[PDB]
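Let's start with one chain on its own, the form deposited in one PDB entry, as C-alpha cells.
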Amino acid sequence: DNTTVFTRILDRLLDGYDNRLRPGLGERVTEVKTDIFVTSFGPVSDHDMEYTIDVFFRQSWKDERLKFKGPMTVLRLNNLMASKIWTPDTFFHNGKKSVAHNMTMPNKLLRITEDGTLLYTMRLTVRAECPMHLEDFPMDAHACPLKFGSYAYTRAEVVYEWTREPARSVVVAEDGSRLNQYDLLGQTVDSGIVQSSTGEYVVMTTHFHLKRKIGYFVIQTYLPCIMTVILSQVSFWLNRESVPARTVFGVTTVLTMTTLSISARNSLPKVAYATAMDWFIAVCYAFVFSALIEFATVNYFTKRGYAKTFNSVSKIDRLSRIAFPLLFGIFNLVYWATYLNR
C-alpha cells in the first residue's frame, strides 16, 4: 500500500539476520568510522580528577546483509531497529560513569543507505578520568584524554577510524563550554594499539588541552596573602613602646595567614607534594611570622614604659621598614616570572 512497501523491506532486511555476528566475521575486518561532535565540554572536577563531556558520538560501518532496493535511498529509522542489528561494542577506556540519554525517547539515530552503510549517533555524557600533575597549581595546564575502543573484538576483528580528517574529526560546538574555571585551547586526536590479557585492541585517543584561569586564586588567596604581608609591614611604623598594639597586630596577622593556609587546600585533592600556591603560602607565612620575631627582639631591647629621658626610635625597625618590603617585592618578581611566564 503506502507504508507496506517499506515494511516488507525492513522485514526482508531482518529475515535470517544474526545480530550476534559482526559483518564479515570469517572474511574481513569490520572497520568503524568515528567522529565526535562535542555539544558541551562540561565542568572539570579538580578533587575527583575527572571531567564531563556531552557528545553526539557517531559510528559508521558497512554491513553487507543490509542492502535494499526501494523508492528511498536512505532509511531514516528510529531506535527499535538499532537493537535488532549488529552495533559495535564501543566503550570508553578511561570512563567513570557515562549516561546514554533516553528522554523522551532513546537519543539514538540509525540511517541505512541503499548499499548497507550505517550511521549510528548517540547522546552520551561521559565522565572520564583526567589525571592531573598539580605541581604548578594554579598556573597549570592539563591534557584531559578520552580513549575509546572495542571491548570484545580485537584488532583482527574490529578496527576504528576517523571518518573525516583527524584534525577535523572532533568538532567542539560554538556554545559548547560549560567550563567556568578552565578554558579549552584545542583538541588533539591519536590512534594506537593497546595490549591486554585478551588481545590487542585499537584505541582512539582524544586529548582536550585545558589551561586554568588564575582569575579566582588571585582574589581568593594571592591577594589576601599580599594584603596580609603588607598589613604586617606597617606594624614597624607603630610606636616602640606600644606593646599590646603590635602584639595583637602580629598574632592576628598570624591567625589570618594560618587560616589562609587551611582554606587554601580545598576543592583540590590531598596530594602528597606541595603546589606553587603552597610555596607562595609558605613565603607569605614566613614574611608574617618574621615580623613578630623582630618585634620580640625590639621588646627585648627596649627600655622605659612610656613615650624625663624619653626613649629612642629603634634601629631595628628602620631597617625592617625598608628591607622587609623589598625582600617581599623581589620575591614576587621572582615567583610570578617563574610560573606565570612559563
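One-based numbering along the sequence shown. By rigid core we mean the largest C-alpha set that fits within 1.5 Å across both forms.
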{"property": "Missing residues, deposited sequence, between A286 and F287 (class: none, 1 to 3, 4 to 9, 10 or more)", "result": "none"}
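Beyond what is shown, the protein has a form deposited in another entry; the following relates to that form.
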{"item": "Rigid-core fit between the shown form and the other one, the member of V248, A100, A167, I193 whose C-alpha shifts 2 angstroms or more", "value": "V248"}
{"item": "Core-superposed C-alpha of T87 shifting 2 Å or more between the shown form and the other one", "value": "no"}
{"item": "Threshold 2 Å Cα movement between the shown form and the other one for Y17, core superposed", "value": "no"}
{"item": "Flag for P131, CA shift 2 Å or larger between the shown form and the other one after aligning core", "value": "no"}
